[PDB]
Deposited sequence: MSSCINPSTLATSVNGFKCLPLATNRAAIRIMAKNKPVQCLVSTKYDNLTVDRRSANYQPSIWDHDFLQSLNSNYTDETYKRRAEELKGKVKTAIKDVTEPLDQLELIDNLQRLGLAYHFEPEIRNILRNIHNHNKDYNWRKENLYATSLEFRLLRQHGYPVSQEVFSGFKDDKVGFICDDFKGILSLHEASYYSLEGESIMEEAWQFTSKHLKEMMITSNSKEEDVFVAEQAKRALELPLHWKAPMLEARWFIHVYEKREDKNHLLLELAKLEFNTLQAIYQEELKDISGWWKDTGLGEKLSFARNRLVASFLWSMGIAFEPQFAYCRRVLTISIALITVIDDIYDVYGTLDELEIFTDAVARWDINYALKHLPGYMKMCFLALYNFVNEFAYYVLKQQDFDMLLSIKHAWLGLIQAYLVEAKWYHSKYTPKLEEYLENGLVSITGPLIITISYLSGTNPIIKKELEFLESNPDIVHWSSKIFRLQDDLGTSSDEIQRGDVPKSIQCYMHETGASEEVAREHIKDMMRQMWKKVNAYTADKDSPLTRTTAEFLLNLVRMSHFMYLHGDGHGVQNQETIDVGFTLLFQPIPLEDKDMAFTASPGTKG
C-alpha cells in the first residue's frame, strides 16, 4: 500500500505535454505508409502480430481489417505460417477449419514436428479451438507436452506461452516485454518501435491523471479512515479496470470500474470476514430495497457509511448516464449489485452451516459472487454510448457467454488461494490438492472453448466491443494469478526514450 493519495498527487509525467502528441501523429501517418508497402501475406500476418503485441493495434484497425479480409478471400505446408494465420483469423472472427492442420498430423502417431517456431505458433492457435475440435485439442496436448520438456530466448518464449498464452492476456499487459523483444529484432521497423514506446508512455500519463481524480474521490468518502480493514486498494482496482478497458476514450469506464471494485472489496470483506449473519441479512435487504431512509434506520453503524457510499455512487452513476445520453439504467445497475450481494449471502450461509457444496452448486453461485455479471454490466453502462436497450436486456438475461466467462473467473481466483473450488473438488473426487489444481486448470481451458463459440456468434445482441470487456476481465484474472510489482511497472515506470 505504498502508493497512497499523496504519491499519486505528486506525479508529473512529461508525456502529458503536447509535443509528444504531435510526434505520435507524425509517426502514425508514417507507419500507415509503411503498412501499404507490405504485400506478401506472411509479412502481412507477422505485421499484425507485431502491431497487436506492441499495443498499437487500435490505431490501425481499418488497415488490419483490410489485410485479414484480403487474406480470407484468397484462402502452405508451413506449420508456423498455418498456425499464425489460423490464430489471427479466428481472433478477428473469420471462419477457419481445424482441417488446415491435417497435413502435419498422422492418424496413427499424431503430430509430426521438430521446429520450435512452428510448435509455439500452433500452441497459441490451439487456444482458439472450438468445442469438439479434436485436432486442436490433440494439437494442444502435443504442443504443451513438447514445450514442457524445455537458446535462452527459446526457454523464455516456451515458459511464457505455458503460463499465459496470447489469447488469455490483455493487449497492453504484454506491451512492455514485447517492446524490448522488438528492438532486439534486426528487421524491426524503427518508426514502429518509436511509436510503441511513445504511446506506452503517453498512456501511463493519462492513467496517472485519472488516478489523481479517483484518488481524491476515495479520500473524500473516508471509508479507509472509518473502517480499519478498508485498506487502500485503489491502485490495485484501477489495474483491473485498466485491463478491462485500456483505451483513452474509456476514462469514465475506468473511473466507475475502479470505484466499483474498491467498494466491492470492502463489501466482500464485510461478508466473508467481519459481518455477523444477522447484520448481513439487513445489508442485503437494504440493497434490495434501495431505500436510504430504511438503511440509516436499521443498519449497524459500521455498515452505514459503506452502504451510503455505494448508494450515492451508484445514483451519481445513474445521473451521469441520464445527463449524457438520456438513458435510465438505475433499475439495471442496482439489480446487478443486488445479484452480487445475494450471492455473498449464500456463501455466508453455507459457511455458518459448515456445508461443503458440490463444485457445480458452488460454481453456480460462485460465478455471480466473483462479480463477473456485475462487472460486465458496469462496463457496458459506463463504456457504451449510445446504450442499446436490446443489448442490455441480453446481459440481464444471464447469457451463456457471461455464464462461462464468470466460471473461468471464479475458478481462476480460487486457484490463487469458506470452502472454494479446490476444496469442493477434492471433497467430491478424493483427489489430492496438486491433482485438483491441474483438473481445475483444465476446466478453464475447456470452458474457453465454449466462450470462443459465443464470441464467433454474430447473431448475438452483444457487439464484439461489449464482448471484449468480458474477455478482458477474465484475461485480467489469468494475469493477476501470475503476479501476486508489475502493476507499478505498468502504471508508474516509463520506457526510456
Deposited-sequence stretches lacking C-alpha coordinates, listed in sequence order:
1 to 60, 136 to 141, 217 to 225, 493 to 501, 569 to 579, 593 to 607
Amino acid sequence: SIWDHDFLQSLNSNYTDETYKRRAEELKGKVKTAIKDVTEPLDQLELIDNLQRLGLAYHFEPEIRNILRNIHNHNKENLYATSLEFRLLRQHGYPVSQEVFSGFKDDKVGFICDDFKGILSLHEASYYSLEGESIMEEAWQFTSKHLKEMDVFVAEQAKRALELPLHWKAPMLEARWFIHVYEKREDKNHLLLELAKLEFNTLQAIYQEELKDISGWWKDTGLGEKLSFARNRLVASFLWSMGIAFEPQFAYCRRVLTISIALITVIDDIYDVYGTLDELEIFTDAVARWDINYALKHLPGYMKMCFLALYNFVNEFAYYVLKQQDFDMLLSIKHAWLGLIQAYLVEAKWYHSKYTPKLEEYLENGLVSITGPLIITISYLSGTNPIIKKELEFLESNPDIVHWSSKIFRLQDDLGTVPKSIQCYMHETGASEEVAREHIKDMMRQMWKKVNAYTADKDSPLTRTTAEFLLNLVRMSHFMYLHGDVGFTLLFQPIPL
From here on, numbers count along this sequence of modelled residues.
Comparing mean C-alpha B factor in the record for 322 to 330 and 183 to 191, the higher one is 183 to 191
So which stretch wins on mean C-alpha B-factor, 80 to 88 or 254 to 262?
80 to 88
Looking at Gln423, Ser405, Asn73, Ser129, which one carries the largest C-alpha B-factor according to the PDB entry?
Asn73
Considering only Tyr355, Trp218, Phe313, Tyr344, which residue's Cα atom bears the greatest B-factor as recorded?
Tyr355
Pull the Cα B-factor of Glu99 out of the PDB entry and bin it into the chain's lowest, middle or highest third.
highest
Third of chain Cα B-factors occupied by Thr466
lowest
Going by the recorded CA B-factors, say which third of the chain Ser134 sits in, lowest, middle or highest.
middle
Splitting the chain's C-alpha B-factors into thirds, which one does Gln446 fall into?
lowest
Considering only modelled residues of the same chain, in which third does the CA B-factor of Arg289 rank: lowest, middle or highest?
middle
